Every structure is written in C-alpha cells, then in structure tokens.
Amino acid sequence: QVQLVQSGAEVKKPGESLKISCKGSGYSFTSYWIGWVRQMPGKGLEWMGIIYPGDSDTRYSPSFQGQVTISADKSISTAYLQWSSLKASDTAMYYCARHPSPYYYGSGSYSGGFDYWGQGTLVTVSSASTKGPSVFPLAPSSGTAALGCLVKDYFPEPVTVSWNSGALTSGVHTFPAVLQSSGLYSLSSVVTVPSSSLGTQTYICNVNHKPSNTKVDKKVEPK
Amino acid sequence: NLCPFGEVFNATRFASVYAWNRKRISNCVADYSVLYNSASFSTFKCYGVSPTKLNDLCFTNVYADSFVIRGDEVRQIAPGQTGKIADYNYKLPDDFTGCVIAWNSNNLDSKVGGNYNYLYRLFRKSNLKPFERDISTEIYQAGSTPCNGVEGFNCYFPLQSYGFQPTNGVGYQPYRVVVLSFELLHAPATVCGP
Amino acid sequence: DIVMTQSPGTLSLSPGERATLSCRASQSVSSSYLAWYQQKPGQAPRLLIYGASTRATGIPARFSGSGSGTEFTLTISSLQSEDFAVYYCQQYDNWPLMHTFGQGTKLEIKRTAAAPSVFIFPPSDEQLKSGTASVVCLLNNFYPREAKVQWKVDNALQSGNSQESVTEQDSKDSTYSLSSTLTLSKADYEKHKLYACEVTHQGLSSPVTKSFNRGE
Ligand SMILES: *[C@@H]1O[C@H](CO)[C@@H](O)[C@H](O)[C@H]1NC(C)=O
C-alpha cells in the first residue's frame, strides 16, 4: 500500500523558521517526484514546487522561488518544505503529493498527475498566543426551541463541542470559527430541541481546547 | 507455479530500447540457477545481489525489462553509466538491485537487407530519470535557430534507426538484453526461490 | 507561463444530471498533460483524470475528461451525492518545470426551498461582566444559501461590526445553517435598547425579524 504521511499541525509566530516533512512508504520513494501544494483558507490550490528525491532535482514555481526551500532525505524516504522566516500570509494547508512523470514506466504502464496525496499539514502563523476559550450560554425563551453555547476568544484552532457527553447529536450545528480582528477565534454551537423539554431536559455543551488543555462543561438553561 | 521467465527471454519480438518493455513477475517461484547455468549469455552481471544466493531469497516486486541495443552499448546498461542509451533511452538507479542479462541476436534482429525497425533516442534536452520511457517525437533543436515542430537543418527527429546489417561488427550487431529488477519494500514478498 | 481558467465558478445541480466543467489555458497545452482533481471539505484532493482523458485507477466511468489545445472539459454524466465537491484542473505541459492549477469549480446539491427558522440571543450577563457584548442571530436549516441578514440596533443600519458564519451542506437534508454575531462594547451595548435581526430569504413571504429589549 502506498502511503504519504505529513508532520503535524504547526502554530508559529512571524519571523520563526519552520520545517515540515512528508514521508512516503509502500513504493520506491526515489523513483517518483514529490510536489508541494498550498491551500490558503477558503482558497484554491497553488503549486509551490517539486523535487525528485533520487537526485534532489528541485523545481520551484516562480511565485515561490526563493520564498521557501524544498529538499529530501533519501535515507528516510522524506521530502521537506521549510521557511526561513514565516509570515502571517503563509497561514495555509500544505499538501505533499506524489507525481509520477509522464515518462515513468516503473509499473509497466504510464501514469500522470498527483496520484497520491498526504493528509496535509496545517500551518498557522499569527501574532497571537495560546489561549483557552471563553464559554457563554445561548439561552432559550418565549414547539421547537434553539439553544447553544458561544465559544469565544481562543487560539490556536480547533475546538470540539459535544452535547450531553455525545448523547445529543440530532439537530446540533457547530459553526465554523471566524477570525476576529484580534487575531483570535470564536464560534457557536447551537441545537434545536422541543420547547416542552426545556423544563424536562438538562442541556450541557462539552467544550474542549486541546492546545490549552481547557475542558469545560456549561449548563444551558432558560434566561 | 514457476515464474514465467520464458515469456520475456524466449520472446519472438523485442522492443526498441526507447520504448523498452516491462513485465512484472509476481506470485511465483523463480529458479535463477536455471538462468545462471546457461552458457548462452554474453553478459550477465548482478548488482547488490549475489547471483548464487538468489535462489534462496524473496522480493516484494520483480520486474523484467527487455529491449535491443548494440553490443558495444551493453556496458551502458548499468548503474551510473553515461551515453546515448543510459541517458536518453534506459536509465538504472544508483542503488539498482538486480541483474543485467544480454546475448547476441544478430541471427534474429538483422536479416537480408538489414533491419531498420529498431530505434533509439539520439537526442534529449535532459537526461532520463531512472525507469522512464520517453516515446515522444518532438523535433529536437540542436542549434541556435528554433524549429517550430518541423524537420530541417539542426532540427532532427529524435528517434534514429539502428543499422543492424547482417555483416556488421560484433559491437554494432544487435544484442537482446533483459534486466531483472529486485525491489524490496516493507510489504509482502511476491517472488521467492526454492 | 500558462494561466488556467476554470468555468463556471460555482454551479448548483440535483443528482442524476450532467455536469460540464470547463478549463481554459492561456497557451496551448499541446502535450495534453492536464489532470482533474476532486476535493471534498476537510480532505486532500483526489486524482480523477490525467493525460486529459485517462481515468485514474478506481475512478468510476461517469467521470470523463476531454479536450486538446486550449479548452479542456470534465464531464460527469450521472451525478451522485458523493460527486458534489470542488474540482480543479492541472497543467504540467513543461515537465517538470511548471505546474498551474485553475481556481476551481464548486458543485452544489439542488434542493427544495427551506425557510430559515430564526432565533436571536442576548449576552448572558457573565459575558457582560467582562465588558463585551456578543449578539447572536441564528438561521437554521434553510435552502438556498443566499440569505440577507441585517441588524437593527434602535432601528439604524449596522455596518462593519457583525460576523456571519455558514455551515456546509448537511449530509442528510442538504440544508444550510447560518450564525450572525454582532460584537459591541459594554458601554455601546447600554447606549441602546432595541436589538433586532431581520432575515430575508426566498422561502419567506416577508422579511422575518427577531428582536428583543435589553433587560427584559
Ligand atoms: C527457451 O527455449 C529454449 C529451447 O531452445 C530453452 O533451452 C530455454 O531454457 C528457454 N528459456 C527459458 C525457459 O527461459
């Protein structure tokens, strides 16, 4: 089985250097090219560069030439992508992907394109520091009612929100976080529920922020 | 069941080196001393493997490449070699693990009137990568003036014909060559010996 | 050297229909070295076509790539639920020196209109303690996505102070949900009393307003 694995998510400060890795297995790593592709949040794919690990023949896009360095270590079947001084505009998902040349015949037939992709390495470059979230209720009042919790002011991302320890799943909507101008994230998790259950069912939202090891449960009652 | 080596070694037709053929050998037992104990091979050298210790060893994937080149070009069928064939037609990696087998085939690949169906790539803008098979026919720009896809002076069809007349020198006579590739991956073995 | 332009930008279709996706090149990709990819939310892209017309291993036959020169096309004949995603085209004509993607084309499941069930929320005192007031307006289970959410504070237009976040199409009923969060300071929260959220949508006969008075 062919597998490309990328290193974990990165949260950095502007000016810091960063190196991320892409390790392949299940095939001759030196025989296929490895490309790097950028996907800024909510945007399309951009080709950054490509490297042939057999001899480290490296080719960059002119938009990334000198911006970044692409290398490889044959002995551990790993391709690298590294910045010398990260910038806020570098916040993006970074994919490594295997690309057989249009001439490569190692399988007995021709192939093309980025046929296998890594799961991506999320890179967040911000001036903000690690901070747990602040949880506030969205209370219902005045035969279906909506209630939830406002998970505000937290960094870096992500946060998970469950209801009643994962028992209340129907009707839940955990919204995508937005980037406050404060360089800090915030979202809301809502859930619609019968209005007759307001006095007959307790509703607890379970918020978890692994970067700050902040795990809080808030009860949500009529105002 | 035994590995079908006769399908490639004993094949009636061989490919031109530029469009070399690849046959993957899988799910079978391979007796290599049968091949090693044949006096009918001009060349049979192995890299990264002992040819005797090959009957007691397993590999994840085994490939058999076959093509026709000149006798004096068999040297180019080796890791790290340089020349028209090794750089533009068939390149082996530096860490190649396998065996290169060749024999004279002037009897089969050069009849009365020569044989001009065997081709090789004489020109390329860059060297091949290992195990690449370039079958394109872009007109090659040898000089300063651009070509624009038309043949002319300094603008050549990239594939050139081998001579292969029956009374050529031994080094310009056609040779049939089979390359066995022994790839070892952290994966189940598909080819072993007795 | 070569620019790739995809058309259209976004398209809404039901299943069973045919999707015709175009990909333009500023020069001629005379090698037909063009590929098509599919990307679903929170997932790496997946190779569908290479060489402009050859399907990758495992790709169903409803995906067909065509074209040469400057126009290339990805045709998906019998759309299924799992087909609605983003699609990209790649050129790699000058191998290995230059690759270029198109901006992408988003496929969107068509569905019956669904009206947004609007809810409004005031701050919870415990938030007001910290000197900041967030004013949440929730739009739940609606289609299509286009919804016009305007905030009245004492019946005056608000601009530049609300953030709105949309969910993805639900896996089961294909509807959208929208949250709109106004953020103001505590002083600016108490200089006013009426907080209203007016919602305009195809599925509503008239704009619906959910309002409240501070301290009530
Ligand atoms: C090809 O056929 C010949 C018969 O002349 C035989 O001696 C040889 O072993 C065969 N090659 C194989 C089985 O690889």
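- As recorded in the PDB entry, chain C goes by Light Chain and comes from Homo sapiens.
- In its PDB record the entry is named "Crystal Structure of the SARS-CoV-2 Receptor Binding Domain in Complex with Antibody ION-300".

- Naming follows the PDB entry, where chain B appears as Surface glycoprotein of Severe acute respiratory syndrome coronavirus 2.

Section: unusual backbone geometry
Here comes step 1: Cis peptide bonds are those with omega within 30 degrees of zero, and the linkage from A:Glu157 to A:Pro158 qualifies with 0°.
Here comes step 2: Cis rather than trans, the peptide bond between C:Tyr143 and C:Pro144 has omega equal to 0°.
Here comes step 3: Within the secondary structure, C:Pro144 is located in the loop between β13 (132-142) and β14 (148-153).
Here comes step 4: One non-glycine residue, C:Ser32, lies in positive phi territory at about 55°.
Here comes step 5: Here C:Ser32 lies in the loop between β3 (19-25) and β4 (34-39).
Here comes step 6: Given the relative accessible area of 22%, C:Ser32 is considered partly exposed.

Examining the pairing of strand β7 (residues 69-73) of chain A
A regular strand carries its side chains on alternate faces of the sheet.
All names here are of chain A.
Here comes step 1: The side-chain alternation of β7 yields one buried face, formed by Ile70 and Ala72, and one unburied face, formed by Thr69, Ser71 and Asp73.
Here comes step 2: Bridging between β7 and strand β8 (residues 78-83) involves five bridges; their strand directions are antiparallel. Following the sheet pairing, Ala72 is matched in β8 by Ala79.
Here comes step 3: Counted along the chain from β7 to the antiparallel partner β8, the turn is four residues long, and its residue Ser77 has a positive phi close to 50°.

Section: the interface of chain B and chain A
Here comes step 1: Listed by partner, the interface residues are 15 residues for chain B and 16 residues for chain A.
Here comes step 2: Summing both partners gives a buried area of about 1300 Å² for chain B against chain A, and 51% of it is carried by carbon and sulfur.
Here comes step 3: Contact with chain A buries area across many residues of chain B, yet B:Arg22, B:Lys129 and B:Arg133 alone supply 39% of it, more than any other trio.
Here comes step 4: Counting across the interface, chain B meets chain A through two salt bridges.
Here comes step 5: Note that B:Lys129 and A:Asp55 form a salt bridge whose closest N and O atoms lie 3.4 Å from each other.
Here comes step 6: For the side of chain B that touches chain A, the residue count by class is six nonpolar, one polar and eight charged.

Regarding the sheet that holds strand β3 (residues 43-47) of chain B
Remark on secondary structure: sheet strands pair via backbone hydrogen bonds, oriented parallel or antiparallel.
Residues and elements named next belong to chain B.
Here comes step 1: With antiparallel pairing, five strands are arranged side by side in an open sheet as β1-β4-β10-β5-β3. The two strands at the open ends of the sheet, each matched to only one other strand, are β1 (21-25) and β3. Taking each pair of neighbouring strands and ignoring which way they run, the sheet shows an average axis angle of 15°.
Here comes step 2: With seven bridges connecting them, strand β5 (residues 98-104) and strand β10 (residues 174-183) associate as antiparallel partners. Bridged to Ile101 within β10 is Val178.

Some points on the packing of aromatic side chains
Here comes step 1: With the rule as written, the count across this model stands at 40 aromatic pairs over all chains.
Here comes step 2: Here the aromatic rings of A:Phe114 and C:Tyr37 are separated by 6.5 Å at their centres, their planes lie at 40°, and the arrangement is tilted. Pair noted here: A:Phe114 is in the loop between β9 (92-99) and β10 (116-117) and C:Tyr37 is in strand β4, and the two residues belong to different chains.
Here comes step 3: Judged by centre distance (6.4 Å) and plane angle (20°), the rings of A:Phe114 and C:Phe101 are stacked. Residue A:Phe114 is located in the loop between β9 and β10, and its partner C:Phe101 is located in strand β10 (residues 100-101); the two belong to separate chains. Taken as a pair, A:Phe114 and C:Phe101 share a single burial class, namely buried.
Here comes step 4: An aromatic cluster of three or more residues is present, and its members are B:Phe5, B:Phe9, B:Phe14, B:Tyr32, B:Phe41, B:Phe44, B:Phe59, B:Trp103 and B:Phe182.
Here comes step 5: The aromatic ring of B:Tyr63 is capped on one face by B:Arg22, whose charged end is 4.3 Å from the ring centroid.
Here comes step 6: The ring of A:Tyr103 carries B:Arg124 above its face, with NZ or CZ at 4.9 Å from the centroid.

About the criteria used
- Residues numbered from 1 in each chain as written, not as in the entry; some residues may be left out.
- Chains lettered and ligands numbered in written order.
- Heavy atoms only, no water.
- Residues with missing side-chain atoms left out of burial classes, pairs and counts.
- Helix = DSSP H or I, 4+ residues; strand = E, 2+ residues; numbered from the N terminus.
- Buried < 20%, exposed > 50% of the residue type's maximum accessible area, 1.4 Å probe, protein only.
- Pairing = 2+ DSSP bridges.
- Contact = heavy atoms within 4.5 Å.
- Buried area = accessible area lost by both parts, 1.4 Å probe.
- Salt bridge = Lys/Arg side-chain N within 4 Å of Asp/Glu carboxyl O.
- Nonpolar A, V, L, I, M, F, W, Y, C, P; charged D, E, K, R; others polar.
- Axes fitted to C-alpha atoms, helices over the stretch in contact; angles between N-to-C directions.
- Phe/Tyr/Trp six-rings, centres within 6.5 Å; stacked < 30°, edge-to-face > 60°.
- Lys NZ or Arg CZ within 6 Å of the ring centre and 35° of its normal.

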